[PDB]
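Plus 2 on top of the position in the sequence shown (first one is 1) and you've got PDB author numbering. What follows is a set of notes on a single structure, which appears directly below.
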Amino acid sequence: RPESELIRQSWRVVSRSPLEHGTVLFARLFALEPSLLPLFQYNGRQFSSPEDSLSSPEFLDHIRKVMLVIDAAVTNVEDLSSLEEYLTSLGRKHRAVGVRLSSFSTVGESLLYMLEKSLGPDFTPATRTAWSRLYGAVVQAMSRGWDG
Ligand code: HEM
Ligand SMILES: [Kr]
Ligand SMILES: [Kr]
């Protein structure tokens, strides 16, 4: 595949520091959709502001979890079938915690934003398209968890 290599090569730099890069993605997410902030309840409390979430070890742990799932999508970029079941159940979990399926589009824009900022001139239109397709397929798999 051509695009599989585009994903592999562009993930290499980001994957060296997943928490740093993940923090960009979530900062961008709350700037676009602040109504997602209350969905992260740790120790029975709601974060008041987006900067509150960045001081929470549990929230930062979830950033690393998100990045590891994306790492698994890249590893299986040539055949995402083998992750379908895991992704479906991850969708069910997120539905249970209160995330609306449509919020995953904003997550996609946040991921693309983070890649654009990290890669700079190396974020070619083919690289955007490749990532849009891969994230699209991840979300399709996850969408099964919302009653099908
Ligand atoms: C809309 C943005 C998202 C919100 C509000 C959200 C929120 C949550 C919450 C509340 C949990 C349960 C508490 C925890 O363990 O932290 C969770 C778990 C988790 N999240 Fe997310 N999440 C989002 C996006 C994602 C995405 C896009 C991925 C995939 C790349 C992901 C990967 C994971 C994983 C692997 C877990 C552990 C699941 C388990 O207990 O089985 N998260 N998330
Ligand atoms: Kr954040
Ligand atoms: Kr992805």
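Positions of the beta carbon are idealized from the N, C-alpha and C atoms, including for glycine.
Per DSSP, cross-strand counterpart(s) of residue i
{"i": "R66", "result": "Bridge partners of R66: none, in fact."}
Range covered by the alpha helix (DSSP H) that runs through residue i
{"i": "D81", "result": "Segment: none, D81 is in no alpha helix (DSSP H) and carries neither H nor E."}
{"i": "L41", "result": "First-last for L41: undefined, no H or E at that position."}
{"i": "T108", "result": "105-121"}
{"i": "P52", "result": "52-56"}
{"i": "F32", "result": "20-34"}
{"i": "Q11", "result": "5-17"}
{"i": "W133", "result": "127-145"}
{"i": "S91", "result": "86-99"}
Any non-hydrogen atom of ligand 2 within 6 Å of residue i CB
{"i": "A29", "result": "yes"}
{"i": "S145", "result": "no"}
{"i": "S107", "result": "no"}
{"i": "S55", "result": "yes"}
{"i": "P20", "result": "no"}
{"i": "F42", "result": "no"}
{"i": "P52", "result": "yes"}
Any non-hydrogen atom of ligand 1 within 6 Å of residue i CB
{"i": "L89", "result": "no"}
{"i": "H23", "result": "no"}
{"i": "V101", "result": "yes"}
{"i": "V79", "result": "no"}
{"i": "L85", "result": "no"}
{"i": "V26", "result": "no"}
{"i": "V68", "result": "yes"}
Ligand 3 site residues, beta-carbon cut 5 Å against heavy atoms
Any heavy atom of ligand 3 counts here; residues with a Cβ closer than 5 Å to one of them, in chain order, are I72, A75, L136, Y137, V140.
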